[PDB]
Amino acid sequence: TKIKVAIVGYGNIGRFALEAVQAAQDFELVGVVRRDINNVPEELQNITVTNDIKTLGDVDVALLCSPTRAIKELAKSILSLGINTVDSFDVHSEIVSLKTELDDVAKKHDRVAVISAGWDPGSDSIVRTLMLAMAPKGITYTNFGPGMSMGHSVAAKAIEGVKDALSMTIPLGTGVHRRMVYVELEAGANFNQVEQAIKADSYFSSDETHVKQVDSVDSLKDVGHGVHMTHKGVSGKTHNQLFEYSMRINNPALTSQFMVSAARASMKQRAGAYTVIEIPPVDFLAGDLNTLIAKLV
């Protein structure tokens, strides 16, 4: 009666998913799937590492920790082997489309896909939904950071003269963001041009962007992140109801842990694909339903 889980892809959240699975008494790690099976860091010395999930035998659910571009085709194929999928698919504009592509397949093979089950999308999605349950009229804002931005880091690293780069994301309220960019230059490159180029780039040209040159970019890195959500609005006909939610957290630690919670929940839903706002919150937790109700409600 132990939930049998495979970690597919082993990026930044990969190592943390390993820890989150190991830490859950109700889960059993049946192995790690990845492209390069010979790259075996410290923590995978004693873990089965394959490039094909079928070699791991019986698997209830797969934590997809792959790049964003890979998640769709990868989920389709693992659902098709009669295994559940959980992913942290992070592109909001495409979530509706991903859900219905995976629903077709999930239903055919009588399995469950939980999608976009990180912290945003994920956790924060539920808190945003609760805010409209409490006060349907009014405005919600979601403020991110301070934290590293992999997307914007890549966009900076991809510009003329830039050896390495790091974009930080700074909240300025009402969903507005400042971008602090730290760069190493390539032997003999013009800072002022790199600066102007980064600010003019389409990934930065909408935002207050600041660029500083540095020696080692890696020594500035910290996987700490944060959100501050607010809702101001109306319960029935009563205005100026004020709600607020904040966390200062380790990014991959949380992303991975919520995926493990989603996986637990995936085992209890009727066949199909779900966003996390379509799952009963208590389904995410381990323990006796009645002890959990006594403790939480």
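Residue numbers here begin at 1 and follow the sequence given.
- Taking the PDB entry as given, 160-168 carries the higher mean Cα B factor of the two stretches 160-168 and 125-133.
- Two stretches are in play, 22-30 and 45-53, and the higher mean C-alpha B-factor belongs to 45-53.
- The residue among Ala253, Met229, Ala70, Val234 whose C-alpha atom has the highest B-factor in the PDB entry is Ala70.
- Comparing C-alpha B-factors across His92, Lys212, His225, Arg179 in the deposited entry, the largest value falls on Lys212.
- The PDB entry assigns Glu244 a C-alpha temperature factor belonging to the lowest third of its chain's modelled residues.
- Split the chain's modelled residues into thirds by C-alpha temperature factor. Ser219 is in the lowest one.
- When the modelled residues of the chain are ordered by their C-alpha B factor, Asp120 lands in the lowest third.
- Among all modelled residues in its chain, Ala273 ranks in the middle third by Cα B-factor.
- Among the modelled residues of the chain, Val40 sits in the highest third by CA temperature factor in this PDB entry.
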